[PDB]
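Asker: these are from a larger complex, still in place; more later:
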Amino acid sequence: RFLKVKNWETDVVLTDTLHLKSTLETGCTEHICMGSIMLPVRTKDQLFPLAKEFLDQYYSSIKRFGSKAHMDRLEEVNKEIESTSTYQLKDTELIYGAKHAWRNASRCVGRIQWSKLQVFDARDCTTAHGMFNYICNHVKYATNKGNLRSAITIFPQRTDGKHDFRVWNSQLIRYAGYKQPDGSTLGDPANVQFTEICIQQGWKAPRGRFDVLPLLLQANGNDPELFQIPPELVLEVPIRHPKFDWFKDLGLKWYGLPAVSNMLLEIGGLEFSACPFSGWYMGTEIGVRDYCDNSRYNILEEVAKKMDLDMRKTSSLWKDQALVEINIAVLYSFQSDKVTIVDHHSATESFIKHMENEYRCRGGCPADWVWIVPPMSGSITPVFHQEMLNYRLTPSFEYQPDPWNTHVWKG
């Protein structure tokens, strides 16, 4: 079967065959769409199909499908499964797997880059201190003094689910949040809960608006341990505006390296529960969401007050006006300090080109419109006008429950 998607701005129609290779489910049925819902220990029996399917994909990509090398590797993996109940990926397969999980990430707008990914293989890691070292090297390599480079570090896979490696931070670098007795929040409200856990674990909190959180690291299913990223490794950008000289006095800065650390990488049926990855920011993530969500730094009032806009009626569009200026400041600041960042015009346009390329060469490009369309100026970016089809291919990045809810404390 063939599915068609249309761009309502250009009338370009594309044809998706790739959806045929999807097995995993969406949350949707013929009777309900869940496209806007945020979040909608394996047997030998289930594992060999998953391994075979993966290695068949791998060997086709290298043009060696049905070669002796392909057949021997199936046999080698099959035997490994029956006798040890799992298997080890070759390095080539790990690299390919990681690249493809990115490629298959339907909520990621930056996929044009998927083939340039530095893979750090941390499968020899055994302790939290080892994890810490691996993570400092990643931050250093990825940051590259502002000229950011895509990277992923891969810690050992799940075995029995009692020995999991986990990074408890949701991002390697994030600012602390502190709930106050009077109900106000100091710093980033999104991270209050994790901050509390850190404090309980023994972190000494500076209690300021932008405190970089300590890493909380779990190796081999053991209780996690606290470590501080060396500050010289944490690149940050003070936020200022090209025409508004009062913008600096707002006190804003942000960090340059966004590194998601709480997701699970599935490759060939194997589960990598600690696999932090990073790229670079699109401006709106900071200027729209991190600064202007009511749930976050919530600076819209202060910015519009300093601009002296008419704030008595929503219909002046004061919020929209302050929003643009904040976003100009973020992009301005990052460019001034030579820290990689991309605007939402450039990023979405790159994505459309990537997407059409994927249709030609691969038969499709699964994409989640709810997530691909930026949180400001939606329809003046070309993605708003692009029909998309969302489906789940493996290898994949998945959500996983927060580790404080599941961890069996050893003491």
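Answerer: Happy to help now that I have it. Residues are numbered from 1 along each chain as shown, chains lettered A, B, ... in the order given.

Asker: who's in contact with residue A:26?
Answerer: Residues in contact with residue A:26 (CB atoms under 8 Å, 6 or more residues apart in numbering) are A:34, A:40, A:390-392. C-beta here means a position set from N, CA and C on the backbone, and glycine is covered the same way.

Asker: What residue in chain A is the furthest from its centre?
Answerer: Here the centre of chain A is the reference, and by CA atoms, centre = their mean the most remote residue is residue A:312, at 38.3 Å.

Asker: if I look at it, how far off is residue A:304?
Answerer: Per CB to CB, to the nearest Å, residue A:312 is found 11 Å from residue A:304.

Asker: Ok, residue A:296 next?
Answerer: Distance of residue A:296 to residue A:304, computed by CB to CB: 16 Å.

Asker: Same drill for these two, tell me which one is more crowded.
Answerer: Of the pair residue A:296 and residue A:304, residue A:304 is the one with more neighbours under other CB atoms under 10 Å, namely 21 against 17.

Asker: just checking, next helix/strand downstream of the helix or strand containing the more buried one?
Answerer: Per DSSP states H and E: residue A:304 is located in helix A:300-306. Next helix or strand after helix A:300-306 toward the C-terminus (DSSP H and E): helix A:318-336.

Asker: Touching that following helix from outside, list them.
Answerer: Outside of helix A:318-336, the residues within contact range by CB under 8 Å, 6+ apart are A:237-242, A:244, A:247, A:254, A:256, A:281, A:283-284, A:286-288, A:291-292, A:299-300, A:303-304, A:307, A:309-311, A:340-341, A:343, A:376.

Asker: Neighbouring strands - and their directions - for the next helix or strand after it?
Answerer: On the C-terminal side of helix A:318-336, the closest following helix or strand by DSSP H and E is strand A:341-342. The pairing partners recorded for strand A:341-342 under DSSP bridges are strand A:281-282 (parallel).

Asker: Now do stretch A:243-263: distance to the chain's middle.
Answerer: Computed by CA atoms, centre = their mean, to the nearest Å, the chain-centroid distance of stretch A:243-263 equals 18 Å.

Asker: then that stretch to PDB, C-alphas only?
Answerer: Output of stretch A:243-263 as PDB, limited to C-alpha atoms (Å, rounded to 0.1, in the frame of the first residue of the first chain):
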ATOM      1  CA  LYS A 243      19.400  47.300  20.200                       C
ATOM      2  CA  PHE A 244      18.100  47.100  23.800                       C
ATOM      3  CA  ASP A 245      20.900  47.900  26.200                       C
ATOM      4  CA  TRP A 246      18.700  47.200  29.300                       C
ATOM      5  CA  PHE A 247      18.400  43.500  28.300                       C
ATOM      6  CA  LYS A 248      21.600  42.500  29.900                       C
ATOM      7  CA  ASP A 249      20.400  43.800  33.300                       C
ATOM      8  CA  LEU A 250      17.700  41.100  33.300                       C
ATOM      9  CA  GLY A 251      20.500  38.800  34.500                       C
ATOM     10  CA  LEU A 252      19.800  36.100  31.900                       C
ATOM     11  CA  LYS A 253      22.200  33.500  30.700                       C
ATOM     12  CA  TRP A 254      21.900  29.900  29.400                       C
ATOM     13  CA  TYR A 255      24.100  27.000  28.700                       C
ATOM     14  CA  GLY A 256      25.300  26.100  25.200                       C
ATOM     15  CA  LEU A 257      25.100  22.300  25.200                       C
ATOM     16  CA  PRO A 258      21.700  20.600  25.200                       C
ATOM     17  CA  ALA A 259      22.200  16.900  26.100                       C
ATOM     18  CA  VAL A 260      19.200  14.700  26.700                       C
ATOM     19  CA  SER A 261      20.200  12.000  29.200                       C
ATOM     20  CA  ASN A 262      17.000  10.300  30.300                       C
ATOM     21  CA  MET A 263      15.900   8.300  27.200                       C
END
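
Asker: okay, chain B goes in next:
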Amino acid sequence: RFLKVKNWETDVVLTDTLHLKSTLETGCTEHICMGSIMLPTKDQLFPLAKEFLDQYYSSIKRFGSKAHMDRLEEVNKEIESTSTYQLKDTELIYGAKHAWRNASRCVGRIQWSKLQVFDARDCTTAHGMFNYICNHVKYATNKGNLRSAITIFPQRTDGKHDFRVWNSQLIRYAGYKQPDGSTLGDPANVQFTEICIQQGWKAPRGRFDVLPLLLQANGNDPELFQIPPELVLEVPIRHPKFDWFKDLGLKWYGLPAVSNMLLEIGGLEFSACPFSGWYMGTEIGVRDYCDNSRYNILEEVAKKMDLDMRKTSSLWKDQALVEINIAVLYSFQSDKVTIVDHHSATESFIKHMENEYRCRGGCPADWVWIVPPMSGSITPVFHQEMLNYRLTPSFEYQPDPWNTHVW
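Answerer: One more piece, chain B, placed on the ones above:
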């Protein structure tokens, strides 16, 4: 079978039971989500009738009553005999209000119960249709203090006698390709304008020429009519700070009235059923003015503002988008024509969602259409999970009539 939706800004979780009454199909499967796609007999009829009548009699707290049972039989007899049936005025008003209530793409549903229904089932000619429509246009406009309305023409019979309004909205501007190569006026309407011209219309060939109506009665060949110019309220577009803005020569119309959809009530099909409310500002200022495939004015506006257009990272498109949208809202307010901004409209829809959850067990909503095309995450609907499903009575898309009509 019971579902949760979460607001990620406020942490409020809501329970949906209403989707279980869901009848029609979404386009999605467990394997593939089509959430962002724009367009994804006697035997058939009595179940549909029954389901609807059941829901009507429940709504007036008379379910299972003799008055309930008697209608069910009456309609059943009518279908068996005539192969169709007729709605009572009460059923028709309830049906129309509920099609609006169930419109998953409409952000303005807090207003759903305040709908003026104009029963035009006695209509027989295209001339009758024209009279009904001017009266709708004038009632709804109300000299700027807009009032929601629908006008309902006779239902489908054998399907060779359909009433249709060929226009996509009662009021739109014409579009003309030029030898020049470009497009004069509204590019969305080029094809429909050609149909008008070839059916007889003398085109003034300007930027903002109000299209004529092309009305089809009783499956007959459609006919042309001009809405009295004095019933088409328009607003010149000015900016409260930018004096030069008025020189762009921009205006828009006050009455948005979708006229190409199909109303389905209890299995009956009303193919001509124009309805109207009032504009949310972004519809004009973001989509109609700034879509590259529409009036596409971002470039000209940015020039006047003297922004650096050398690089996308200066957010010059974004800056000019805000101002264009400021000018729209201000221009409608100054002329006292009802309009709503995207902040106020989305705030209302969130309150409407809570009422619907508390009172009906849910509210079908298509997040993709509900979130405004500018400033998404600063409106509360951005953070609100929504379930999309299809309830009946409903407004449906239908094939453009020039593709079906045999002359």
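
Asker: same question on the contacts of residue A:26, but now with chain B added
Answerer: By CB atoms under 8 Å, 6 or more residues apart in numbering or on different chains, residue A:26 lies in contact with A:34, A:40, A:390-392, B:28-33.

Asker: Helices of the stretch 101-250 of chain A, start to end?
Answerer: Under the criterion DSSP state H, counting those that start in this stretch, the stretch 101-250 of chain A contains helices at A:128-143, A:192-201.

Asker: Can you tell me which of those helices is packed in deepest?
Answerer: Burial of the helices of the stretch 101-250 of chain A is given as mean neighbour count (mean count of other CB atoms under 10 Å in any protein chain shown); helix A:128-143 ranks first at a mean of 20.

Asker: returning to what we had before: any chance of the helices of the stretch 101-250 of chain A in CSV, plus distance to chain B?
Answerer: Shown next, in CSV, are the helices of the stretch 101-250 of chain A (distance: least, CB to the nearest CB, whole Å):
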stretch, distance to chain B
helix A:128-143, 21
helix A:192-201, 12
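
Asker: Torsion angles phi and psi at residue A:79?
Answerer: phi -60, psi -40 (degrees, to the nearest 10).

Asker: and it, how far is that from chain B?
Answerer: Between residue A:79 and chain B the distance is 33 Å, computed by CB to the nearest CB, to the nearest Å.

Asker: Give me the contact status of the helix holding residue A:304 with chain B.
Answerer: Yes - contact of helix A:300-306 with chain B (CB under 8 Å from any CB of the partner chain) involves residue A:300.

Asker: looking at it, residue A:12 is touching residue A:356, isn't it?
Answerer: Yes - Residue A:12 is within contact range of residue A:356, at 7.5 Å (criterion: CB atoms under 8 Å).

Asker: Point me to the residue of the stretch 1-150 of chain A nearest chain B.
Answerer: Nearest to chain B, among the residues of the stretch 1-150 of chain A, is residue A:35, at 3.0 Å (CB to the nearest CB).

Asker: wait, that residue sits on residue A:369?
Answerer: Yes - the criterion here is CB under 8 Å, and residue A:35 meets it with residue A:369 at 7.5 Å.

Asker: So for these two, which residues contact both of them?
Answerer: Taking CB under 8 Å, 6+ apart as the criterion, residue A:35 and residue A:369 both touch A:390, B:35-36, B:368.

Asker: care to break chain A down by domain?
Answerer: A:16-123+A:150-160+A:264-278+A:348-372, A:124-149+A:164-235+A:399-403, A:236-258+A:281-346 (curated CATH domains).

Asker: Let me know which of those domains is tucked in deepest.
Answerer: Highest mean neighbour count among the domains of chain A (mean count of other CB under 10 Å): domain A:236-258+A:281-346, with a mean of 20.
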